[PDB]
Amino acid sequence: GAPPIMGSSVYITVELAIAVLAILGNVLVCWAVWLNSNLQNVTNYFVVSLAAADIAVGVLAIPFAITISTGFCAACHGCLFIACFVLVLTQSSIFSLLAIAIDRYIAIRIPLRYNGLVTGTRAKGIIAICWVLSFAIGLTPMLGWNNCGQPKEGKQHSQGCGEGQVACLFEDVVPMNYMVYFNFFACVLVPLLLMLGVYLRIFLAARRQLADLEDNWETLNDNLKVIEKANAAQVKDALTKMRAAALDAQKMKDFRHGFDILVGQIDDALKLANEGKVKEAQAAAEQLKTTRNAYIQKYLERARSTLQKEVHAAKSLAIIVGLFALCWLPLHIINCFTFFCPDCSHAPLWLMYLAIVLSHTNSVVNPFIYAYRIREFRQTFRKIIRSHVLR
């Protein structure tokens, strides 16, 4: 078994490489939102909170990981802080990702209430509350749910640690019942399933609304055929069904003018039908075809286009949740094997290190997803790189 420092040097060089990239990419997300008022919306205040957490992975969590890989002597509680700090940043990340999912759900379910419900001031209060709770949840072991009462006495003597000191190793100070039941099941796995459920409700809500728009459009076009097939109470029933469906599409000016004309043309055809002038009502009904073209088809296409953008945007933010789950799951599955299967062989050291590195890599990927999938970030990223790196 080779000298530890050789494999130690690979791990550390890789961790520092990740730290550099996590800082630069996330500082760019923050710089972007700062410079571009098109990126200054409540969704992006949670994107910045998540960027801040990923900066703190590079500045603090990776230096801590490096430090704790040495097994240096420390007072147990100072060891606990170094061991648990990254759990604060993961919890802060779960909260930001959950808030973004709920924000997007509100934006698609009740867009007319969104601006009055989700403001900057409330979003900042929520972010502040979520950072407090993330410190409380991630440093719980420091409240006394910890192995500091039961030091490894053989490691403590072989490394020449002093009174009160331990060999600082994550798995010697953080209980696995905490890491599995409390950190994984309650604080990570339940919130990811909840976010899965909200994204499912966004995609369904979008699909039902696109359907309703296609449906309304088909009633008009269908009922034009029901009118144009020569009875007068027959035309009345088709016209009564188009007046419901014109209203339902409605429920500023270029917009609200098309529908005024439309209900105008329908009520005109209605008056003729009540009187009983079938032929007049049929001619009255063909004017509508022209109002459909120059107005109604424009509203429909615009409503479809907005919903499709919400679907694409919601796909992009869900890719970010998937990549979080992917990057952290291996470390959680390893703790689950350690806890639930004490007869199972432990993961080799090299694979522990790979699981840790994969977890840090999550703090690099988000800036790439914004660059690839969101025009406004991408364009802002060029302006900033062209100005400040080109020059």
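Residue numbers run from 1 along the displayed sequence.
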Extent of unmodelled deposited sequence, residue 113 relative to residue 112
none
Select one of none, 1 to 3, 4 to 9, or 10 or more to describe the deposited residues without coordinates separating residue 208 and residue 209.
none
Avg C-alpha B-factor, entry values, 316-324 vs 268-276, higher side is 268-276
On mean C-alpha B-factor from the PDB entry, just flag whether 304-312 or 136-144 is the higher one.
304-312
Could you check 106, 83, 245, 130 and tell me which one carries the biggest Cα B-factor in the deposited entry?
245
Among 297, 177, 121, 92, which carries the highest Cα B-factor?
297
Rank-wise, by C-alpha B-factor, drop residue 154 into the lowest, middle or highest third of its chain.
highest
Would you mind ranking residue 239 by its C-alpha B-factor against the rest of the chain and naming the third, lowest, middle or highest?
highest
Going by what the PDB entry lists, where does residue 227 fall on CA B-factor within its chain: lowest, middle or highest third?
highest
Using the B-factors in the PDB entry, rank residue 125's C-alpha atom against the chain and give the third, lowest, middle or highest.
middle
Chain third (lowest, middle, highest) by recorded CA B-factor, residue given as residue 220
highest
